[PDB]
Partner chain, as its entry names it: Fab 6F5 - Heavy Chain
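Just the one chain here, the form solved without the partner chain, laid out as structure tokens.
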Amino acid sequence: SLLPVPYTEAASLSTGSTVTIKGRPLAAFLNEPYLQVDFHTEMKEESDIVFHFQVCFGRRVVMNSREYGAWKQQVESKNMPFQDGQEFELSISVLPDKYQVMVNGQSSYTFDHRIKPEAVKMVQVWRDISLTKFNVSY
């Protein structure tokens, strides 16, 4: 649909920032489409990742950071508020100590800061979704 995917936007984040995404999986959950949101330290896609958020729709969510090119300690959640076949609204809020991920208005995942959010210069949203909205507060 509307926005290009992979979607890449320059961004600056601090406590009180919110990243809001509206989109739809490109396949039924039976086919395990993915969604990924990465907060990068530079505009280059190979740059380090302060917060990596990867949904396997209907299955699991994994979160991590990529530091000096290496994946760090993976965290996994089986919480799956996303609904098969439906548009979703995803909000990622920068709190003092963590990111909070809201899905369709419900707190669903958190991830403690491993690197200050001020290190972020770019956000990438990609994999098996269409995207109609991407917004960062300033």
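Positions refer to the first chain, counted from 1.
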For this session: Quick one: say whether 1-9 or 127-135 has the higher mean Cα B-factor in the deposited entry.
Result: 1-9
Exercise. Quick one: higher average CA temperature factor, 66-74 or 34-42?
Worked result: 66-74
Seminar exercise, completed: The third of the chain into which the C-alpha temperature factor of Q100 falls is the lowest
Exercise. By its CA B factor, does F57 count among the lowest, middle or highest third of the modelled residues in the chain?
Worked result: lowest
Problem set entry | Chain-relative CA temperature factor third for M80 | highest
Seminar exercise, completed: Entry-reported C-alpha B-factor of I115 relative to its chain, by third, is highest
For this session: Grab the CA temperature factor for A27 from the record and place it in the lowest, middle or highest third of its chain.
Result: middle
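Just so it is clear, the following notes concern the form solved in complex with the partner chain, a form of the same protein that is not shown.
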Exercise. Contact between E42 and the partner chain in the deposited bound form at 4.5 Å, heavy atoms?
Worked result: yes
Exercise. Taking 4.5 angstroms as the cut-off for heavy atoms, does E67 touch the partner chain in the deposited bound form?
Worked result: yes
Exercise. If we check the partner chain in the deposited bound form, which of the residues in 46-66 reach within 4.5 angstroms of it by a non-hydrogen atom?
Worked result: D48
